[PDB]
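Each of two forms of one protein chain follows alone as structure tokens, named structure 1 and structure 2.
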Structure 1
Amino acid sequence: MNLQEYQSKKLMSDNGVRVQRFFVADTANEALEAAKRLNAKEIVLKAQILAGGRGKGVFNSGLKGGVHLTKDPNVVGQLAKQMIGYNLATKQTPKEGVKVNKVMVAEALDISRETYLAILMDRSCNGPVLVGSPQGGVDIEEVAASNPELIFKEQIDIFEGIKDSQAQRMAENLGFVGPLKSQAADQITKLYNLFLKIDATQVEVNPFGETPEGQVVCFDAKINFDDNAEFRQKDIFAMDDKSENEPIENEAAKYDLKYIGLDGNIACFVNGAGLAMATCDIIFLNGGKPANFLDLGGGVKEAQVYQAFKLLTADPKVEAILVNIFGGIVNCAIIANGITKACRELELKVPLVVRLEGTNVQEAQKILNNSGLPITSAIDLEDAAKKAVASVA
């Protein structure tokens, strides 16, 4: 799930982390009043959408630029009128754009210095780790490739928690001095407890910096949430804007189906995450272009199979289907009947390759060929891949 910028920074502000002051306008008038209410020497105005590169985007109203600067609250009003309601296209959105419903009206703070700081559950280390760099404002990866000596890491013991010495040391290594060291050490702490409270897999502050007046401020940040912990982050996951995902993915979600859209024309659905990724690869590997990854999960139902077929048969890109199911200890004849049932009810009109495996594959390969529907069976995963790739040209 993804938070809007205003949702994620409010989350941080409420937990002691310092961010730019801001308000959230639903209307051009709201943006004007907010700009007035800021006691800000300079205002920034930012379209609230999930995609990146909002900076150089375009609006149906004609406005170039999703993010704008001005000292004049009136300017905020005008520019907001050219955002709110209209649609923002970026190098991360379909040519349609995204409807902009809210804009952030924030104070713009000058940056004197820039560091990188993230808290992260590190698989290599078996616990939470602080990762900082005195070199901020650039992507962390390029920093590690060019100057690994400027990556500093502190492992935090998850029961003992973050100790003052750990925060002092990281602050020091990122080049904060004097009263800025105290602010930075304080803020590293508050960031870390924020990261445990909300069950984050990563909290990334870049730039983690200083204002000229002497203030440590997280100027921007990205939060990654553990999907597993949703049952105990009810209030946060409720903030999720499902309206910017591929709508197929959202409908799949409604049926415990794990779907992810690829740019291809051969649709596939499989029980098992890893086998679903393998089926994507083995399709491409035989020339093809897979339309999607879909994981039915462990259990195959006459009814879940229907919803999967319902999705794929509703996607305009899809010109073929490769189903590959391991029946395990269920009679694969009772799967192929779920498949012929759903394919007749859905009026299957694209060619479907089905690989089954498990008990009674013999009577199962028969129901599939005897179906009177555009269905052909396959002996193994190379067959299905090869046959499916042939079905389009």
Structure 2
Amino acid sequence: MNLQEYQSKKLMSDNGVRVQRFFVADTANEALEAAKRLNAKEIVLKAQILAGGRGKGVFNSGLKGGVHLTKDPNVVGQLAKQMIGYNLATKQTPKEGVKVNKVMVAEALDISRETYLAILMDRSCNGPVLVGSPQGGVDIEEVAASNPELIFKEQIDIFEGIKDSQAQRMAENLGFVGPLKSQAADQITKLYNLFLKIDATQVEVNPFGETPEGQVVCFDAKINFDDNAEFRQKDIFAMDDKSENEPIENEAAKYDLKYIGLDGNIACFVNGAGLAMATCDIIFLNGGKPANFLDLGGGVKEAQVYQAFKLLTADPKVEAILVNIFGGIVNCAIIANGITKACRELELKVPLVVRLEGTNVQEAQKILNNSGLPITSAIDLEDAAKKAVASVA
């Protein structure tokens, strides 16, 4: 899932993390009013989209820049009217950009020094670890490649919680001295506790910043959430911003389906993450281009199979469909029933290669036979991939 900037910063600010004070505006007039309300020396206006590169982006209104600074609320109003209801394109968006429905109006704070600070569930370390660097403002992977010695880490014991000594040493490691060490240490503690409360897999603050006036501030942040804790994070997941996701993925999520759109013309319909990845791979290995990844999970139900098959049949890029099922906890007849029910709605006009193995395969095969569908059978996964590729050669 994804949060807009104003959503993550409120979440942090509501948990004692220091962010720049801000308001959110739906209209140019609200942006005007918010700007007056701030009583800030300088104001930064920020279009709310998820893609990066907002500052150098361009609106289809003609306006250059999705981030503007000014001291004058009228200028905030004039620029906002050139933002809201328009599409902001950046180096990380498609050419047509992303519609801007909201703008953030925030106090602009100078930054004296930029550091990096994150907390993540680190698989290598069996638990949470703090990750920090005095080299702020650059992707962490870049620092690791250039200057890995400037990457500091602390392993946090899940039951002890973060220790004062650990927050203090990381603050020192990031170059906060004297009064800003204790301040940064306190902010690190609050960020760690935020990280735990919200079932984040990562809370990444870049830059984690010190202002000329002696304030430690989280200027920008990115939070990744554990999908497995949605059941206890309903409020956060209700804020999910889906508007920059691939459309077919958004359709699949409505039915709890794991679908990932790829750059191909051979659709894949598979149970299991490993088998689904490998089906995409073996298509590539035999000289084809898979159109998607689709992982039917253990608890898939017939109505979900049905909706899943329709993600493929209604995709105009799809020129052939490779069904490959090795059923364990998945009953093959549920797959066959959902497929035949979906195909009852359309004149199937693409090749359909089908390979079925495992639980209840005999009954599933009979269901496919009774349908009268134009199915070309495959003896194994290599045979299926070769036939699917050839079917669109």
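Think of the rigid core as the biggest set of C-alphas that the two forms share within 1.5 Å after superposition. Just so we're on the same page, residue numbers count up from 1 along structure 1's sequence.
Shifted position (C-alpha, 2 Å or more, core held fixed) between the two structures, chosen from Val129, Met239, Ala303, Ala278:
By this measure, the answer is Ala303.
Relative to the superposed rigid core, does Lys366 relocate between the two structures - that is, does its Cα move 2 Å or more?
After core superposition, the C-alpha of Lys366 moves 2 Å or more between the two structures.
Does the C-alpha of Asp256 move 2 Å or more between the two structures once the rigid core is lined up?
It does shift by 2 Å or more.
Once the core is aligned, does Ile325 move its Cα by at least 2 Å between the two structures?
For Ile325, whose C-alpha is compared between the two structures after core superposition, the shift is less than 2 Å.
For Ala145, CA displacement between the two structures after the core is overlaid, in Å:
Its alpha carbon moves by 1.3 Å.
Cα displacement of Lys341 between the two structures, once the rigid core is superposed (Å):
C-alpha shift for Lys341: 4.8 Å.
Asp383: how big is its Cα shift between the two structures, in Å, with the core superposed?
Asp383 C-alpha displacement between the two structures, core-aligned: 0.9 Å.
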